[PDB]
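Undergrad: Before anything else, here's the structure in question.
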């Protein structure tokens, strides 16, 4: 694994250079999915040293900046809608299984347990490209906050919800519900406890006179909450650190006054390496030869179902919210990408079932298809408002 | 392994507490490492998993800040004096081998090639505690910049030199060329990436994109370390140290925004050097197969400790007087032993079943020298 890491960096200068050079083009690392892969089709196994378990420990730093960048402009404005969109994860899962179940059934003119697994897997929605486009336009703040809040909550629900399905074993349905509620409640309680401990430590003790000591303690205490989840056996490790929203609510504002900018720059740099996760999408598309061995003709069943499922649970959910404004226009815009986190779930143990491989293959084509919406976003923005 | 890192953080949290309490204490974090091991001793192998190759990849962030923190106030006034201490690593190894050679021969009442490894390894000296004292007191700026000079340079020299004599087996001539060739190639390739970084930020306008140039600087600097290892050029730690020219040119050209961020970001990882400071007791209490020897050869090495830092600086610095120094800084150079020398002793730590004595001996050296470092303010007032 000597020069394997070098290839990750070497291509990344090109990714950095693409953003600066192609700043005004019609339309960064996602472009290399087609051209770059074929040249190396002939080190392939080593470029695959990528360990799934270690993929779920470099993601929490990505999640932390998402929860550390809240502007507190939606806690009393659109928080209720976001909490209403917590049921969207259940809504997407129960509707995706509605159509995809008939998909492979009509293929033969195998169990239902993995059908639920795919539905909960696809529920993640992280339109980072759309959010970046909205931010640079510095417009529609109401849509900016509401969409961003929905994007960081469903994936947190998705990771917790899919685990209970994987351990479903009959009745025993309430056992899976208890595991879902227990893990999610435990993740929030213990995860926020470390943030509270960090907040109270810097609220009374006059440690703010040492900018590095508070900076180092802040990173260690925040990372300890994520680490403690695996030690105690409580799963949802991604959701544990995501609950550090209260960390930016109390610890940031209490007495820092110097590391306020330092915390962002140190942590956004970790989030600035999100192209590595972006690069990993195409990496498993060709390097992991066995992963995409099937590429079966089940795409059309998932292609039609993945958009109609989102279509049939955005307006009805917003219709209920409208009973108790919203411009009646934002629901069309809502339908963005299909989740950055989503890829990691499809690579869980990678061969548990014969169809476990083809879920990743279907997900790979999703990333190669839905990303055109990110490019066709400026035109869509001016189309409506 | 999931909960192994968790126990490292809690003891690392207490390090911040110790440095918080010590504003006026007579005086270090070196205490909790010993205390933590006793609790677990009275989980063992899992705590000290610590892959040997993985120690050399968490080390470069420590070296990078040292080369990036230069005040550019020494290359014009004491550059020659500091470069004269490039032979100090060899000069220390010239006399350390002599005493250690008689240490086991007289005790016996292996071969001398192992003495070379111990002498080259011992030449490292990074008295980070000494620099912290001078900075807080804000005194002796000439002494502060001179001490920082050889302290960080010889660490790279020790790592590159010990490899040549480790494979050395007349045959001594090409070992020097191997040592010189790697060191020469480290400066070329190591500064090659720095030149590329410098020219990119001076011609193309990256000043308007501060969110992007910070990643570019980190990626290019890191790639210098990765390229050296992959290409087969050893002394990869020295290769990243050859990026000292980034602070000379890249840091000053057109950043104007990330100047502070680049310093803080890399210095933040250097603040995580307590893990290196804490990996001693992790291996000094839990690795029962490693440190169980603790042979009665410490006195032979301990006598070599003081004379190594005396038989060289007093003669060599006398030569520099030919072309003041007040004769107080002359004796002050006998500082600490640093923290980089640990990794050279753990190079798979299994060359021979009985030769692992050097790993045992080095661990006691850190404890013995640390208490000497604690009583540094007393020597500061006695001399100056």
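Just so you know, the numbers here start at 1 and follow the chain as drawn.
Per deposition record, electron microscopy, 3.2 Å.
The backbone N, Cα and C atoms fix where each Cβ goes, and this holds for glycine too.
Grabbed the feature section from the PDB entry, which reads as follows:
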type	residues	note
SEQADV	A:379-385	expression tag
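Pasting the relevant annotations from Swiss-Prot:
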type	residues	note
TOPO_DOM	A:20-23	topological domain 'Cytoplasmic'
TOPO_DOM	A:68-84	topological domain 'Cytoplasmic'
TOPO_DOM	A:136-146	topological domain 'Cytoplasmic'
TOPO_DOM	A:246-266	topological domain 'Cytoplasmic'
TOPO_DOM	A:348-362	topological domain 'Lumenal'
TRANSMEM	A:47-67	transmembrane segment
TRANSMEM	A:85-105	transmembrane segment
TRANSMEM	A:115-135	transmembrane segment
TRANSMEM	A:147-167	transmembrane segment
TRANSMEM	A:180-200	transmembrane segment
TRANSMEM	A:204-224	transmembrane segment
TRANSMEM	A:225-245	transmembrane segment
TRANSMEM	A:267-287	transmembrane segment
TRANSMEM	A:289-309	transmembrane segment
TRANSMEM	A:327-347	transmembrane segment
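Could you place these features in context, so I can see how deep they sit and what lies close by?
TA: Only residues 6 or more beyond the boundaries of the expression tag (A:379-385), in the same chain, are considered here, and those with a CB under 8 A from a CB of the stretch are 133, 137, 140, 327, 329, 332-333, 373.
Taking Cβ pairs closer than 8 Å, the topological domain 'Cytoplasmic' (A:136-146) reaches residues 71, 73-74, 77-78, 81-82, 330, 333, 381, 385 in its own chain, all 6 or more past its ends.
According to DSSP, the secondary structure content of the topological domain 'Cytoplasmic' (A:246-266) in residues is 17 helix, 0 strand, 4 coil.
Note on the topological domain 'Lumenal' (A:348-362): residues 52, 110, 114, 117-118, 121, 166, 284, 290-296, 298-299, 302 of its chain, located 6 or more positions outside it, place their CB under 8 angstroms from a CB of the stretch.
Counting only same-chain residues 6+ beyond the ends of the transmembrane segment (A:47-67), those with a CB under 8 A from a CB of the stretch are 1, 4, 7, 152, 222, 226, 237-238, 240-245, 247-248, 264, 267-268, 270-271, 274, 276-277, 280, 283-284, 287-288, 340-341, 344, 347-350.
Among residues of the same chain six or more beyond the transmembrane segment (A:267-287), those with a C-beta under 8 A of the stretch's C-beta atoms are 8, 11-12, 15, 28-30, 32-33, 36-37, 40-41, 44-45, 47-48, 50, 55, 58-59, 61-62, 64-66, 68-69, 128, 340, 343, 347, 360, 364, 367.
Within its own chain, the transmembrane segment (A:289-309) has Cβ neighbours under 8 Å at 44, 92, 95-96, 98-100, 103-104, 107, 122, 335, 338, 347, 350-351, 357-358, 360-362, 364-366, 369, counting only residues six or more beyond its boundaries.
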Undergrad: Are there at least 3 C-beta pairs under 8 angstroms linking the transmembrane segment (A:204-224) and the transmembrane segment (A:147-167), leaving out pairs fewer than 6 apart in sequence?
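TA: Per Cβ check, the transmembrane segment (A:147-167) does not touch the transmembrane segment (A:204-224).
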Undergrad: What's the straight-line C-alpha distance in angstrom from residue A:42 to residue A:43, 54 residues unmodelled between?
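TA: In this entry the gap's Cα endpoints measure 10 Å apart.
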Undergrad: Please list the DSSP helix, strand and coil residue counts for the topological domain 'Cytoplasmic' (A:68-84).
TA: 7 helix, 0 strand, 10 coil
Undergrad: So 5 residues are not built between residue A:324 and residue A:325. What's the Cα distance between them in Å?
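TA: Each end of the gap has a Cα atom, and these are 10 Å apart.
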Undergrad: Which listed stretch (A:115-135, A:180-200, A:204-224) has the most C-beta pairs under 8 A with the transmembrane segment (A:327-347)?
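TA: Looking only at A:115-135, A:180-200, A:204-224, the most contacts with the transmembrane segment (A:327-347) come from A:115-135.
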Undergrad: By Cβ distance under 8 Å, which residues at least 6 away from the ends of the transmembrane segment (A:115-135) in the same chain are close to it?
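TA: Hits for the transmembrane segment (A:115-135): 88-89, 92-97, 100-101, 143-144, 147-148, 150-152, 154-155, 157-158, 161-162, 165-166, 168, 274, 306, 336-342, 345-346, 359, 362-363, 366, 371, 373-374, 377-378, 381.
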Undergrad: Near the transmembrane segment (A:204-224), which residues from the same chain, at least 6 beyond its ends, have a CB less than 8 A from one of its CBs?
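TA: Distal contacts: 64, 194-195, 197-198, 241, 244, 247, 251, 255-259, 262-263, 266.
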Undergrad: When DSSP states are grouped into helix, strand and coil, how many residues of the topological domain 'Cytoplasmic' (A:136-146) land in each?
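TA: DSSP composition of the topological domain 'Cytoplasmic' (A:136-146): 8 helix, 0 strand, 3 coil.
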